[PDB]
């Protein structure tokens, strides 16, 4: 439908822009962990990842509320829920990596949630492009 297609193309463009900020924040986060930075540093970078990814959750929320097509609503609500779940996972594992610092396993858990977030957000964007086509 016309209104859905226009909505999707528009928010695909916004998603692509926000994905840039997220990639920079995730990269910076990985670099912090790879140079063995302490909690005052990697906890800050965690917050940057969360804030920038939350922009994509919000796009999903906005899109899902206004899309007419059942399959569009379904897919975008899935990714909004999935990304929201992963953000809580990042808050949880970051706190645990700080509380147990220095712990290589705690840090790898945190790193894994952030990696999964990176993958899932890229996948969200891919699906928007597919829906818009």
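Residue numbers count along the first chain shown, from 1.
Comparing average C-alpha B factors as deposited, tell me which of 46-54 and 28-36 sits higher.
It is 28-36 that shows the higher mean C-alpha B-factor.
Between 104-112 and 56-64, which has the larger average Cα B-factor in the PDB entry?
Here the higher of the two C-alpha B-factor means belongs to 104-112.
If you rank every modelled residue in this chain by C-alpha B factor, which third holds residue 15: lowest, middle or highest?
Residue 15: CA B-factor falls in the middle third of its chain.
Rank-wise, by C-alpha B-factor, drop residue 122 into the lowest, middle or highest third of its chain.
As the PDB entry reports it, the C-alpha B-factor of residue 122 lands in the middle third of its chain.
Could you tell me which third, lowest, middle or highest, the C-alpha B-factor of residue 72 occupies within its chain?
Ranked within chain, residue 72 CA B lands in the lowest tercile.
Entry-reported Cα temperature factor of residue 87, expressed as the chain third it lands in
It falls in the bottom third of the chain.
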